[PDB]
Structures are given as C-alpha cells and as structure tokens.
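Encoded as structure tokens, the structure appears first; notes follow it.
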C-alpha cells in the first residue's frame, strides 16, 4: 500500500496520462506575456483546433534571422508509472534496539548499512516459517542480529526480514562440519544453554536447561538427571517395569499414605 | 531427505512469495507473516524473554516455551507441563494419570526421597526386598 | 591481490571484461592490425597552430561538468568486523586527463566488492573524469598517433591550451578530403555497477563439504543455472533465529536443493534462504487437508528422532526411535521406553492424588538407610 488512501495517487496517474493526450507547440513572435501555467485558448480557427489549452513552457529563441520568437509548449512527454523507484535487491541490516510500532503492526525496527543513516530507524516486517492465526514460531530477533531484508513489491517503504545470519561477531554454537551430527536449536542468554539437541551419531534427544537433561537416547536408556529436586504430581500415577525395579535414596524414604498395600 | 520441519501452513496465513529465476510460472513461499487478523501469541517486546514455538488449534496451546528470564523449558499440552527450570527443579505436573513403563526402571535420589498418595499405594510384585 | 570468488553469471564474456576493467582501474587499448592488446592502468607530440608538420582542420572539445564528481567515497559492509569499512575518499585532481595551460559522490553497499575499496573508488572517479573533456581533432593523414599518446595544444588562445589524452584514431580514406586521421578525446559514459546485477532467485544443491578459506561459516553449494558441476560456490546460510551464540543450527545435508538469493545483486555473494523437499527426497508427510500432523523430524537412516504435534489427538510426542514421551492434552503422560530409565535427583518427591501404583514382575528394592512407612 503506497500511501494511506489511494485516491490521490489514482487521480495523479490519470492526470499525468491526460497530459500526453494533446501535446504540441505554438510558435509565436516575441512576447514575455506567457508563463508555463497560463491556460490560453484558440478561438478564431476552424473546427479542428478551437479550445482552451494549458501550457507547459515557453522558449525564447533569439537569433539573427527570425528575430525573437517566444515558442509556447503544450503537453508533457511520457511517464514511468511507478509508485516509487524500485529497488529489487536483497539487503542486510542490523536490528535497532527496541521501538514500538506507531502503525500498530508488529514491525521490528532495524537499520540498513546500505544507507549511511546510523541515527534513523526503519520498521520492517518479520517472516516466520509457521506463523499462524494465534500460534507462532515467535523468537523475535535480538537487537544485534544482522538480519537479511527483502522489499515487498520493490518499494523501499516496506522492508521485510527473511533470515537472521550468524557472523564472526556472534560466533554460532557449532560450525558446519563434515559428519553433520550435532543439530537442535539453542537458546543461551548469558550462561544457561537451554534448548533441545539432536546428536544423530549417538541417536539422542537432549533437552537442556543448564544442568537438567532429559536425554532420551534411541535404542537405549532414558534419564531425568537433575542436580536438584524433581516432582511428578499426577491424579493417579502408575509406574510399571518389566522384570526389574530399583528405588533408592541415601537418607529417608517415605511412602506416606493412608492405605499402603504390599 | 526424509526428515523435515514440516508445518505446512494453514489456509489463511498470508505467506510471502518469491519467484524462481524471474518466472511467474514458478512461485515459492519464503516466510509466513503474522498480522492483525491473526494476532501472534506475544508481540515483540523489550526484554525478549518469552520464546518458543506455539501450536494452538482452538483452545489447546501445545508446544515448548523458553522463558530466558526464569531460565525454563516448558513443554505444554494444555495442562501437562514438564517445565525443567535451569538451576532449579523438574516437574511433570499432569492433572490426570501418568505412566512410566520401562524394561528395568531405576530411580535414585541423593539423601532424600518422598513417595505419597492419599488413597491406595500398591508395590504389587513377586519378590519385594527392603 | 588474489580473488576469493568471482562469478560470471551468464554474461556475454566481453560484457564481463569491461565490467571487470571498470573495477580494476585499467583500460583496454585495443590495437588493430594485430591480435595484441596492451591493458594499462589509468594514469607528448605537441601539435600546434604554428607547427608545419601537422595540418589541422577542426578541434571540437566539450568541457562538461555534469557527471564529474570530486570524491567517490565508497564503502561496504565488512562481514567479519561489522563496522561498514572506513570511507576511502578519492581526491579530485589526481589523474587529470585535461591539464590546462593557463559535489561529493558517495555510496555504501550491503556487501563488499573487493578486498579493499581503494582501487574501485579510484577507478570510478577516473572513469567519470574521462567524460569531462571529450571531443575530436580532425587532422590530415598521419600514422604517428595512438590511443594513449597524451598530446598537447599550445599555439591557440586562452580557451583551448593544454595537454589532452587521446582515446582513439580514425583514418577516413575517401575521394574528397583525401586521408584524414581524426583523433578522439574522452570516453562516453559509464553504468557504475560493481558487477552486472542478477536480481533473480535461483536454486542450487549443497556440495559435499569444504571448509571456508575466508573463515566465515559459508556452505559450499552448486548452482545448476551454471553448467559447472566441478566448481564450488560458497554461500551464506540464513536461519530464523540465529543469535549471538545460540542458534537454530541445522546446517543442511549435502544433497538438499536449497533456494539461493544474492545480496545487493552481486553474484559473488550468494545466500541460502530455504531448503525445499522434492521427489528425490520424499518429505515425511505430504501437505494434506486436515493439517493435523506437525512437528520437526530428524531421521538419518532408520531412527526418527524429533518432536511431533498431532493437533487432532492433542499430543506432543518426543521420539528417539522407541522412546516416546507423548504428553497428550486433557489426557495422560507416559515415558514408554523398551529399556531402562533413570531419574537421578538431589531430593526427588513424587506425589499423586488419591491413587498410586508401583509394579514390577521381578525384584523391587527400596534400598536405603532409613525407610519410613
């Protein structure tokens, strides 16, 4: 959407194409009584050329023969009919702090280093794989992330983040390597790495929180492994094992209940 | 090959589309773009703490969440939260039954344990040692 | 300096040369009557009104200053440092093509064309100087001139006196006028692109593994739009999240058919945007009406291992091959492993409201020091 309402730009293109309809020139002799917006009229002629015409410019043309001849100009040559001059490249930019959207979308304020504008901010749209109605991927990139930005319908006014691009100032959790075994997303603010990992060589699925790993290994074991307390509240929890069980504890073990069967 | 992300967007999602080798005949979805007719689960905010994907069809929000301020990792199903908090606790917290079938499950704790239940507790087995 | 990665993307092969001479501060000097070309960087005979040796007929000279800047301060985005490299301004008054005897241009790219932008900033400032003074000197019949001779005009008035550097010679044999070696001054115009732009989205396959010699994390791909099966092209990877030190980080497999866009319309910088399942790969489930199955999948040979969301059954199932955690909404929760499982904790306390059941076909040990009941 180029402007707020498209009434004026629709009137404006229809008017700049009318000016190509009638165009020509009237070679007069020597007067400064005319201006490029005068709207003169032709009266005494035949039925072909009689009527009011609006000028576009005047040319003076002093020379030795012909004397002085103020040529009048009617009409405008042509028009490109773009809403804005198109930029059709992919550019990259950094995210710029946080600023709320005054247009009440969820647009993320970025920079563009292709512009030499370090002070001014540009709101840009965020593209997610999933998004949805009310259930999205929703990671919303950090304020220094170097996103890659494309422009919708070749208008500079509407940018859009497409990806987010690790770089040597950020240093990604593991480089791309031969034997791509480590996978899984990572979230890590200062010291607490907290997201799931897939190691396809060891056939695992490990949910981190910093020391709380759930690590259900394929064709193998399953372990909560927390260095602190863990709780398992349920309406009626029943745990069952085939042909072995073991319950331990160095200090107290309480089976505190009303009716205990054996 | 045969193992993908595979969310396959819903029929009203407003994707952004680019065209391969400048041909109109071949379009291609690149992103999917929340919007005010959809209303994303949380807006972008200063102090980006809430993260994690969300899947929610009508009422059942069911996906994992990362809250970096509280250092958690919470797997939803609607009331079934697994919420393993970093430098902290771990809790299944389901308002219904839960089962833990295993070939040989052995649970172990260092210097405290507690097993509870308001009604019956059965340790039904063949050979019970103490 | 050696290049890391050029790319000729379906150029004419002559179009590529004079878009590479513009970025190198050189001009061609082609020679007729031979196949020898002397490429020489942008850096006298003294024909005068008094002089008997050369007869002059016409000296046109334009002296324009529309498309002649003074600076060419060019700079580009350094990927490693992220400072948008310091502005290499080029002074006007170096390489003067017209030396008489009596506005600041500035771009910034979202990329980096060469290693240092000193030479390309000098080169655009020099190719715009050649449009400043341009014309032709119609002489009579001599082969004593060449397109790089830098002759001088001496015996004239104060308007046109000074050293001018030629651009070419035209011989013009005809019946009237005899033989007239016309000299040419100045160069017509210039496009001022760092490279001829390709503004399409292309797709390519990932190419094995090769480490990045430029010490980024760029993934070496192919492009089938080129018919180059042997040569490799390093390309940047775009992730949704990435971050400082905590990313999505799946790093696509060597046969994946990614879709590739080019940053700031330069072939030298490609970039993966998506990854595109296809009938040679066969995605885990096709798109269907009643989109219920969701969730990512990782599966190398036989072990499907990632979380699944089935919105019809309201589940969240974490696979490892047989180890499913499957916490179903408004329903149950089950570890379900066909092997051992352990639950180590500092103080684990499990609690249930109004039922409990502990089982085991063989031994059950509650091995501890102090057991209460």
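As a convention, Cβ positions derive from the backbone with ideal geometry for all residues, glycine included, and neighbour counts pool all protein chains shown. Just so it is clear, none of the values below were taken in a lab; they were calculated from the coordinates.
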Ellipsoid equivalent to region C:183-234 - semi-axes via the Cα gyration tensor, in Å: 35, 15, 11
Residue mean of other protein chain beta carbons inside 10 Å, A:188-197: 6
Cα-based Rg and Dmax for region A:44-109, where Dmax is the largest Cα-Cα distance (Å): 26.3, 70
Region C:99-214 - convex hull of alpha carbons, volume per residue in Å³: 244 Å³
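How large is the Kirkwood hydrodynamic radius of region C:136-281, in angstrom, based on all distinct alpha carbon pairs?
20.6 Å
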Gyration tensor (Cα) of region A:92-146, equivalent ellipsoid semi-axes in angstrom: 22, 13, 9
Virtual spin-label span in nm between residue A:179 and residue C:29, 7 Å along Cα→Cβ: 5.7 nm
On Cα atoms only, tilt of A:7-18 relative to the major axis of chain A in degrees: 40 degrees
Alpha carbon centroid spacing (whole Å) that separates region C:152-187 from region A:125-173: 59 Å
Alpha-carbon radius of gyration plus Dmax, which is the widest Cα pair, for chain B in Å: 22.8, 76
Volume per residue of the C-alpha convex hull in region B:1-78, rounded to whole Å³: 175 Å³
Rg ratio (alpha-carbon, reference 2.2 N^0.38 Å) - region A:128-167: 1.33
GNM flexibility winner over chain A from A:14, A:42, A:239 (Cα, springs under 10 Å): A:239
The protein assembly as shown: antiparallel DSSP beta bridges as a percent of all, rounded to 5: 65 percent
Inter-part distance where region B:37-89 and region A:94-109 are each reduced to a Cα centre, Å: 22 Å
FRET efficiency estimate (nearest 0.05) - Cβ-Cβ, residue A:15 to residue B:37, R0 30 angstrom: 0.30
Value of relative contact order over region A:1-159, rounded to a whole percent, pairs C-alpha under 8 Å and six or more apart: 19 percent
Viscosity 0.890 mPa s, 25 °C: Kirkwood-radius Stokes-Einstein D of the protein assembly as shown over Cα pairs, µm²/s: 76 µm²/s
Directionally averaged shadow of chain A, computed from the convex hull of its alpha-carbon atoms, nm²: 31.7 nm²
For region A:234-262 and region C:204-243, distance of Cα centres in Å: 55 Å
Helix-derived mean residue ellipticity, 222 nm - over chain A, DSSP H n ≥ 4, -39500 (n - 2.57), to 500: -1500 deg cm²/dmol
Shielding of A:112-120 by partner chains, average beta-carbon count, 10 Å: 4
Relative contact order (percent, whole number), region C:288-373, Cα cutoff 8 Å, 6+ residue spacing: 14 percent
Per-residue mean of C-beta atoms belonging to partner chains within 10 Å, peptide A:91-102: 3
